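K.L.:
Okay, so here is coords.cif, and as you'll see once you scroll down, it has mmCIF, C-alpha atoms and all ligand atoms.
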```cif
data_coords
#
loop_
_atom_site.label_atom_id
_atom_site.label_comp_id
_atom_site.auth_asym_id
_atom_site.auth_seq_id
_atom_site.Cartn_x
_atom_site.Cartn_y
_atom_site.Cartn_z
CA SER O 4 0.00 0.00 0.00
CA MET O 5 2.56 2.64 -1.14
CA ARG O 6 3.84 5.37 -3.44
CA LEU O 7 7.06 4.05 -4.93
CA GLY O 8 9.40 6.70 -6.33
CA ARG O 9 13.06 7.34 -7.06
CA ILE O 10 15.09 10.10 -5.45
CA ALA O 11 18.47 11.79 -5.60
CA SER O 12 19.30 12.57 -1.96
CA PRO O 13 22.51 13.45 -0.09
CA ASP O 14 23.40 9.70 0.10
CA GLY O 15 22.73 9.28 -3.65
CA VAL O 16 20.10 7.73 -5.95
CA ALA O 17 17.55 5.34 -4.37
CA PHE O 18 14.01 3.97 -4.50
CA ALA O 19 11.80 5.47 -1.79
CA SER O 20 8.39 5.14 -0.22
CA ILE O 21 6.87 8.60 -0.58
CA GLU O 22 4.61 9.12 2.44
CA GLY O 23 2.06 11.79 3.42
CA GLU O 24 -1.06 13.66 2.29
CA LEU O 25 -1.21 14.07 -1.50
CA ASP O 26 -2.21 17.75 -1.24
CA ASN O 27 1.04 18.68 0.55
CA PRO O 28 3.89 17.27 -1.58
CA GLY O 29 6.47 19.56 0.19
CA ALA O 30 5.89 18.01 3.63
CA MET O 31 5.89 14.44 2.25
CA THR O 32 8.54 12.07 3.61
CA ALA O 33 10.84 10.14 1.25
CA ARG O 34 11.54 6.88 3.15
CA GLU O 35 14.64 5.32 1.57
CA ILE O 36 14.25 1.76 0.31
CA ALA O 37 17.18 -0.63 0.72
CA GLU O 38 16.09 -3.79 -1.11
CA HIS O 39 13.26 -5.45 -3.09
CA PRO O 40 11.42 -2.44 -4.61
CA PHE O 41 9.28 -4.85 -6.71
CA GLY O 42 8.69 -7.39 -3.91
CA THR O 43 8.32 -6.60 -0.24
CA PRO O 44 10.50 -3.53 0.11
CA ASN O 45 12.65 -3.09 3.20
CA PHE O 46 14.08 0.26 4.31
CA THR O 47 17.53 1.67 5.12
CA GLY O 48 16.32 3.75 8.07
CA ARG O 49 17.00 7.04 6.28
CA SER O 50 14.31 9.49 5.28
CA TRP O 51 14.09 13.14 4.11
CA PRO O 52 11.33 15.65 3.58
CA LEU O 53 10.57 15.38 -0.13
CA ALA O 54 11.35 19.12 -0.57
CA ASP O 55 14.95 18.27 0.38
CA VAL O 56 15.54 15.72 -2.40
CA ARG O 57 15.23 15.50 -6.20
CA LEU O 58 12.27 13.43 -7.33
CA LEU O 59 13.20 11.36 -10.42
CA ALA O 60 11.35 9.18 -12.94
CA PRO O 61 9.96 6.46 -10.65
CA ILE O 62 11.32 3.58 -12.71
CA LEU O 63 14.15 2.51 -15.04
CA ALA O 64 12.08 0.73 -17.66
CA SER O 65 13.66 -1.61 -20.20
CA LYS O 66 10.90 -0.65 -22.61
CA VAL O 67 7.77 1.42 -22.82
CA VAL O 68 4.90 -0.40 -24.55
CA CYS O 69 2.00 1.81 -25.57
CA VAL O 70 -1.57 1.52 -26.73
CA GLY O 71 -3.04 3.61 -29.59
CA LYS O 72 -6.71 4.56 -29.86
CA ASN O 73 -8.17 3.41 -26.49
CA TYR O 74 -10.97 5.80 -25.42
CA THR O 75 -14.75 5.56 -26.22
CA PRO O 89 -14.24 -3.27 -30.61
CA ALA O 90 -11.02 -3.37 -32.74
CA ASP O 91 -7.98 -5.24 -31.35
CA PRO O 92 -5.42 -3.08 -29.46
CA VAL O 93 -2.82 -1.33 -31.61
CA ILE O 94 0.50 -1.31 -29.80
CA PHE O 95 3.81 0.49 -30.36
CA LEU O 96 7.05 1.17 -28.51
CA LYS O 97 8.80 4.18 -27.11
CA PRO O 98 12.55 3.78 -26.35
CA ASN O 99 13.52 4.13 -22.69
CA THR O 100 15.80 7.02 -23.80
CA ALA O 101 12.54 9.02 -24.16
CA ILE O 102 11.78 8.86 -20.43
CA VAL O 103 12.15 11.87 -18.17
CA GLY O 104 10.92 12.38 -14.62
CA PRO O 105 8.72 15.05 -13.05
CA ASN O 106 9.68 18.68 -13.74
CA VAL O 107 12.21 17.80 -16.47
CA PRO O 108 11.75 19.82 -19.70
CA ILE O 109 10.21 18.23 -22.80
CA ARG O 110 12.51 19.45 -25.59
CA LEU O 111 10.78 19.92 -28.96
CA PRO O 112 12.95 19.41 -32.04
CA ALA O 113 13.39 22.75 -33.82
CA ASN O 114 11.73 21.18 -36.90
CA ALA O 115 8.67 19.44 -35.33
CA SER O 116 5.14 20.91 -35.42
CA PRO O 117 2.58 20.28 -34.12
CA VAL O 118 3.97 18.37 -31.11
CA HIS O 119 1.16 17.04 -28.87
CA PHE O 120 0.94 16.06 -25.23
CA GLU O 121 -1.06 12.93 -24.42
CA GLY O 122 -1.96 12.30 -20.76
CA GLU O 123 -2.15 8.58 -19.99
CA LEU O 124 -2.54 6.12 -17.15
CA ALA O 125 0.64 4.08 -16.95
CA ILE O 126 1.03 0.49 -15.78
CA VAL O 127 4.28 -0.57 -14.14
CA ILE O 128 5.05 -4.30 -14.40
CA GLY O 129 6.32 -5.79 -11.15
CA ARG O 130 7.72 -9.17 -12.22
CA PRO O 131 8.84 -11.09 -15.32
CA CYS O 132 5.78 -12.32 -17.21
CA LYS O 133 4.57 -13.68 -20.52
CA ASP O 134 1.20 -15.02 -21.72
CA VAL O 135 -0.70 -13.57 -18.75
CA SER O 136 -4.52 -13.75 -18.81
CA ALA O 137 -6.40 -10.47 -18.25
CA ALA O 138 -7.62 -11.74 -14.85
CA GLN O 139 -4.02 -12.53 -13.81
CA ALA O 140 -2.73 -9.05 -14.76
CA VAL O 141 -3.24 -7.78 -11.19
CA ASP O 142 -0.66 -10.32 -9.87
CA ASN O 143 1.98 -8.96 -12.27
CA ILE O 144 1.44 -5.22 -11.81
CA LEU O 145 3.59 -3.26 -9.37
CA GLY O 146 1.20 -0.30 -9.62
CA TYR O 147 0.16 2.77 -11.55
CA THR O 148 1.73 6.04 -12.52
CA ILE O 149 1.29 8.78 -15.11
CA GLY O 150 2.73 9.06 -18.57
CA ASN O 151 2.85 11.83 -21.16
CA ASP O 152 2.95 10.21 -24.62
CA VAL O 153 4.58 13.17 -26.39
CA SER O 154 4.00 12.92 -30.15
CA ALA O 155 5.27 14.81 -33.21
CA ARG O 156 2.09 14.70 -35.38
CA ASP O 157 3.76 15.83 -38.65
CA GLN O 158 6.24 12.93 -38.33
CA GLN O 159 3.43 10.44 -37.58
CA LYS O 160 1.64 11.34 -40.78
CA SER O 161 4.91 11.52 -42.70
CA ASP O 162 6.31 8.11 -41.53
CA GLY O 163 3.06 6.08 -41.16
CA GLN O 164 4.88 4.18 -38.40
CA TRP O 165 4.59 6.10 -35.13
CA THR O 166 8.05 5.22 -33.79
CA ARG O 167 9.96 8.38 -34.72
CA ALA O 168 7.09 10.78 -33.84
CA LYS O 169 6.84 9.28 -30.37
CA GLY O 170 10.50 8.34 -29.74
CA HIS O 171 12.45 11.60 -29.32
CA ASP O 172 14.48 12.11 -26.14
CA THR O 173 12.18 13.61 -23.43
CA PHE O 174 8.98 12.48 -25.15
CA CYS O 175 8.07 10.09 -22.35
CA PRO O 176 7.65 12.02 -19.07
CA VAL O 177 6.67 9.54 -16.31
CA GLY O 178 5.82 10.01 -12.65
CA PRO O 179 5.49 11.44 -10.10
CA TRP O 180 5.53 7.98 -8.41
CA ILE O 181 3.94 4.55 -8.66
CA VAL O 182 0.87 3.81 -6.53
CA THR O 183 0.64 0.14 -5.63
CA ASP O 184 -2.86 -0.14 -4.23
CA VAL O 185 -4.98 1.97 -6.58
CA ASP O 186 -7.80 0.46 -8.63
CA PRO O 187 -7.38 1.63 -12.26
CA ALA O 188 -10.95 0.86 -13.40
CA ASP O 189 -12.54 4.28 -12.89
CA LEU O 190 -10.14 7.11 -12.17
CA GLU O 191 -10.34 10.66 -13.42
CA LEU O 192 -7.59 11.92 -15.73
CA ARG O 193 -7.12 15.65 -16.29
CA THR O 194 -4.51 17.39 -18.45
CA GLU O 195 -3.68 21.08 -18.23
CA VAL O 196 -1.50 23.30 -20.38
CA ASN O 197 -0.70 26.54 -18.50
CA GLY O 198 -3.54 25.85 -16.08
CA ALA O 199 -6.15 25.42 -18.84
CA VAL O 200 -7.93 22.04 -18.93
CA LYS O 201 -7.50 20.17 -22.25
CA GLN O 202 -8.29 16.57 -21.36
CA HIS O 203 -10.89 15.63 -18.79
CA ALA O 204 -12.08 12.03 -18.70
CA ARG O 205 -12.24 8.82 -16.64
CA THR O 206 -10.29 5.60 -17.22
CA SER O 207 -13.70 3.82 -17.20
CA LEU O 208 -13.95 5.05 -20.81
CA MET O 209 -11.02 2.84 -21.91
CA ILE O 210 -11.94 0.50 -24.77
CA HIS O 211 -9.47 -2.13 -23.51
CA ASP O 212 -9.01 -2.16 -19.75
CA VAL O 213 -5.74 -2.76 -17.88
CA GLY O 214 -6.10 -6.55 -17.82
CA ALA O 215 -6.97 -6.72 -21.55
CA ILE O 216 -3.95 -4.53 -22.35
CA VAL O 217 -1.57 -6.66 -20.28
CA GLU O 218 -3.07 -9.84 -21.72
CA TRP O 219 -2.62 -8.51 -25.27
CA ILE O 220 0.95 -7.20 -24.85
CA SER O 221 2.25 -10.20 -22.80
CA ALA O 222 0.98 -12.55 -25.54
CA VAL O 223 3.39 -10.69 -27.88
CA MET O 224 6.42 -10.02 -25.70
CA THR O 225 7.92 -10.81 -22.31
CA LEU O 226 7.32 -8.01 -19.85
CA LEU O 227 10.03 -7.28 -17.28
CA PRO O 228 9.93 -5.75 -13.77
CA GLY O 229 9.91 -1.99 -14.31
CA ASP O 230 8.46 -2.10 -17.84
CA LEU O 231 6.01 0.70 -18.51
CA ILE O 232 2.76 0.39 -20.38
CA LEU O 233 1.00 3.59 -21.56
CA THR O 234 -2.69 2.78 -21.87
CA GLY O 235 -3.83 5.44 -24.38
CA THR O 236 -5.05 9.01 -24.14
CA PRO O 237 -8.60 10.51 -23.98
CA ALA O 238 -10.08 13.22 -26.21
CA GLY O 239 -8.54 16.71 -26.11
CA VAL O 240 -4.97 16.13 -27.32
CA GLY O 241 -3.26 19.35 -28.40
CA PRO O 242 -0.03 21.24 -29.18
CA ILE O 243 2.76 22.21 -26.81
CA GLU O 244 5.24 25.01 -27.50
CA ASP O 245 8.27 26.68 -25.96
CA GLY O 246 7.35 28.17 -22.57
CA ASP O 247 4.37 25.88 -21.85
CA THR O 248 3.86 23.75 -18.78
CA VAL O 249 1.83 20.55 -19.02
CA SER O 250 0.32 18.88 -15.96
CA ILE O 251 -1.49 15.57 -16.03
CA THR O 252 -3.40 14.59 -12.90
CA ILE O 253 -4.80 11.15 -12.25
CA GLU O 254 -7.13 10.55 -9.31
CA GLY O 255 -5.54 8.36 -6.62
CA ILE O 256 -2.06 8.98 -8.07
CA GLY O 257 -1.05 12.63 -8.30
CA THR O 258 0.16 15.08 -10.87
CA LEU O 259 2.90 14.77 -13.45
CA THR O 260 4.18 18.24 -14.48
CA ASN O 261 6.75 19.17 -17.12
CA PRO O 262 7.92 22.39 -18.67
CA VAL O 263 8.39 22.60 -22.47
CA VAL O 264 11.28 24.16 -24.41
CA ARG O 265 11.87 24.27 -28.14
CA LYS O 266 15.42 23.55 -29.33
CA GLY O 267 17.12 26.45 -31.17
CA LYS O 268 15.48 29.25 -29.13
ZN ZN S 1 -12.66 16.70 -12.88
ZN ZN S 2 -0.55 7.57 -26.56
#
```
Any chance you could put this one into structure tokens?
P.N.:
Amino acid sequence: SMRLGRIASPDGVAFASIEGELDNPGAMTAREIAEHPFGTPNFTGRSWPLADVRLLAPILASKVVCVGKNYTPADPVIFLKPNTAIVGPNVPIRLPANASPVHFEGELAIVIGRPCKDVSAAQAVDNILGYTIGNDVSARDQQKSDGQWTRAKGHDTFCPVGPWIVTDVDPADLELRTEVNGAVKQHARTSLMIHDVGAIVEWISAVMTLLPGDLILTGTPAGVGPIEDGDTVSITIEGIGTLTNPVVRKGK
């Protein structure tokens, strides 16, 4: 029953249990994890107020598997983002000088907690560490131009993830809200997903082995739109928190 994150503290880089009321992130306690972040974590004894440490991307994923069109049936359409696209909370998304329009896409993210393959939808729960937030950043011109979505979605910084992974949250009916400079762009519930978390894990794990720490982005609701130099994009998911990233365009 925890928020699993990663931190850069005085004593270095570590997993941590991030404790406290969600509406006061400053006064939250980062309780340093020693071993077994995907099993039963044990703790070093050290902790810091969260304000005192750098909050990082909550996982080092070997791959990011993603779902296309998934909000209100056709089979899931999946694609990959390279783990070099991942950044954590508050790290800038850097737009290539030549790419326009570049879109945000707020998404519920699944974090896989153990090696698995050929998992049934009903068994997905036993293989899921928990849930976090992803921003499936996408160069739309490049999507249309390539047909394949890989390049459009694969630029460095195009996979913000965080702020942390919640292990006990039920993904079936959670609100997701995306803001760009405080203006609401996406506003929907995960209960509108065409393929639910179990169906997504069943589908993907029938294709490829999923490893502890692997991320799955489960698709974005209506209201996708452009981001530009100077913008800030915040995605909030109920029961999880808020993933926020500034935006800069290269060459400015
Ligand atoms: Zn709302
Ligand atoms: Zn997406």
K.L.:
How would you write as a PyMOL selection string the residues that get within 12 Å of (15.6, 1.4, 1.1) in the file's frame, counting only C-alpha atoms?
P.N.:
chain O and resi 7-10+14-21+33-41+43-50
K.L.:
Name the residues in contact with residue 154 of chain O at a cut-off of 12 Å, using all atoms listed in the file, excluding same-chain residues fewer than 2 positions from it; report them as a VMD selection string.
P.N.:
chain O and resid 71 97 101 109 to 112 115 to 122 151 to 152 156 to 160 165 to 176 236 240 to 243
K.L.:
Could you list the protein, DNA and RNA residues that have any atom within 7 Å of ligand ZN 1 (chain S), counting all atoms listed in the file, and write them as a PyMOL selection string?
P.N.:
chain O and resi 191+193+203
K.L.:
Using all atoms listed in the file, which protein or nucleic acid residues come within 7 Å of residue 261 of chain O? Drop anything in the same chain fewer than 3 positions from it, and give the result as a PyMOL selection string.
P.N.:
chain O and resi 105-109+248-250
K.L.:
Suppose you want the space between atom CA of residue 258 of chain O and atom CA of residue 104 of chain O; what is it in Å?
P.N.:
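Atom CA of residue 104 of chain O lies 11.7 Å from atom CA of residue 258 of chain O.
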K.L.:
Counting all atoms listed in the file, figure out which residue out of O:182, O:5, O:11, O:125 gets nearest to ligand ZN 2 (chain S).
P.N.:
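With all atoms listed in the file as the atom set, the closest residue is O:125.
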K.L.:
Which protein, DNA or RNA residues are at most 10 Å from (-2.0, -0.9, -9.1) in the file's coordinates when you count all atoms listed in the file, listed as a short mmCIF file (atom, residue, chain, number, x, y, z; two decimals) with C-alpha atoms, in the coordinates of the input?
P.N.:
```cif
data_model
loop_
_atom_site.label_atom_id
_atom_site.label_comp_id
_atom_site.auth_asym_id
_atom_site.auth_seq_id
_atom_site.Cartn_x
_atom_site.Cartn_y
_atom_site.Cartn_z
CA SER O 4 0.00 0.00 0.00
CA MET O 5 2.56 2.64 -1.14
CA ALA O 125 0.64 4.08 -16.95
CA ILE O 126 1.03 0.49 -15.78
CA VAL O 127 4.28 -0.57 -14.14
CA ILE O 128 5.05 -4.30 -14.40
CA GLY O 129 6.32 -5.79 -11.15
CA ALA O 140 -2.73 -9.05 -14.76
CA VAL O 141 -3.24 -7.78 -11.19
CA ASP O 142 -0.66 -10.32 -9.87
CA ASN O 143 1.98 -8.96 -12.27
CA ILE O 144 1.44 -5.22 -11.81
CA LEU O 145 3.59 -3.26 -9.37
CA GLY O 146 1.20 -0.30 -9.62
CA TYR O 147 0.16 2.77 -11.55
CA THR O 148 1.73 6.04 -12.52
CA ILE O 181 3.94 4.55 -8.66
CA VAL O 182 0.87 3.81 -6.53
CA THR O 183 0.64 0.14 -5.63
CA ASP O 184 -2.86 -0.14 -4.23
CA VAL O 185 -4.98 1.97 -6.58
CA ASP O 186 -7.80 0.46 -8.63
CA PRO O 187 -7.38 1.63 -12.26
CA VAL O 213 -5.74 -2.76 -17.88
CA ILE O 256 -2.06 8.98 -8.07
#
```
K.L.:
Could you work out how far atom CA of residue 264 of chain O lies from atom CA of residue 197 of chain O, giving the answer in Å with one decimal?
P.N.:
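A separation of 13.6 Å between them.
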K.L.:
If you count only C-alpha atoms, which residues fall within 12 Å of segment 214-226 of chain O, apart from same-chain ones fewer than 4 positions away, as a PyMOL selection string?
P.N.:
chain O and resi 64-71+73+91-96+124-144+186-188+209-210+230-235
K.L.:
Of the candidates O:90, O:208, O:263, O:238, which shows the shortest atom-to-atom distance to ligand ZN 2 (chain S), using only C-alpha atoms and all ligand atoms?
P.N.:
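Going through O:90, O:208, O:263, O:238 one by one, the smallest distance to ligand ZN 2 (chain S) is for O:238.
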K.L.:
Nearest to residue 190 of chain O among O:259, O:153, O:58, O:253, with distances taken over only C-alpha atoms: which residue is it?
P.N.:
O:253
K.L.:
Suppose you want the space between atom CA of residue 102 of chain O and atom CA of residue 60 of chain O; what is it in Å?
P.N.:
7.5 Å
K.L.:
Put a box with edges along x, y and z around all the listed atoms of segment 143-161 of chain O, pad it by 4 Å on each side, then give me its centre and sizes in Å, one decimal, as lines of an AutoDock Vina configuration file.
P.N.:
```
center_x = 3.2
center_y = 3.4
center_z = -26.0
size_x = 14.1
size_y = 32.8
size_z = 41.3
```
